[PDB]
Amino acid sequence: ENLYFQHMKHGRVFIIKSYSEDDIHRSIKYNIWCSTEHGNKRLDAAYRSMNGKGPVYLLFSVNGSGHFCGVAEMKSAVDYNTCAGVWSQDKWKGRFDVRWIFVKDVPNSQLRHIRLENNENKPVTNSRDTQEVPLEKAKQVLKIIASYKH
């Protein structure tokens, strides 16, 4: 409630969209994630180019659910050669560490009035997986999620 996510001077924020809620449950249990091949490459470049100077945040949402389900920070580069078949389907190859910060359902109603100037001014709730969020809009999103209460 303005107590959250001030002093976020640098850093970068991405939307994660999963059509497997089981995969997200596993992320929360073991603090790891895996995206598509092109998604992993985008997150890998953001994390590496940050060179530790700032956080990379991930805003998670289950496709079709109508709500965001929480926030985690990237905590490692992407390892592309890892054990196969750990996710809901075999097509997900690789792994990076994350640290979950919030696990809570925030309805899209609370966020849909934030639009992305880098995505044709579309609402942030209408994003695809690994859509990057401009820093000032991300700060608005993170703060709404942080303070939202049932």
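Numbers for residues come from their place in the sequence shown, where the first is 1. By rigid core we mean the largest C-alpha set that fits within 1.5 Å across both forms.
Superposing on the core and measuring CA offsets in 9 other deposited structures of this protein, the stretch of 81 to 89 and 24 to 32 with the greater mean deviation is 81 to 89. Here 122 to 130 and 9 to 17 are scored by the root mean square distance of their C-alpha atoms in 9 other deposited structures of this protein, with each structure fitted by the rigid core; the higher score goes to 9 to 17. When the mean C-alpha temperature factors of 82 to 90 and 46 to 54 are read from the deposited coordinates, 46 to 54 comes out higher. Looking at mean Cα B-factors across 113 to 121 and 62 to 70, the upper value is held by 113 to 121.
Among the modelled residues of the chain, residue 128 sits in the middle third by CA temperature factor in this PDB entry. When the modelled residues of the chain are ordered by their C-alpha B factor, residue 38 lands in the highest third. Annotation for residue 9: C-alpha temperature factor in the highest third relative to the rest of the modelled chain, per the entry.
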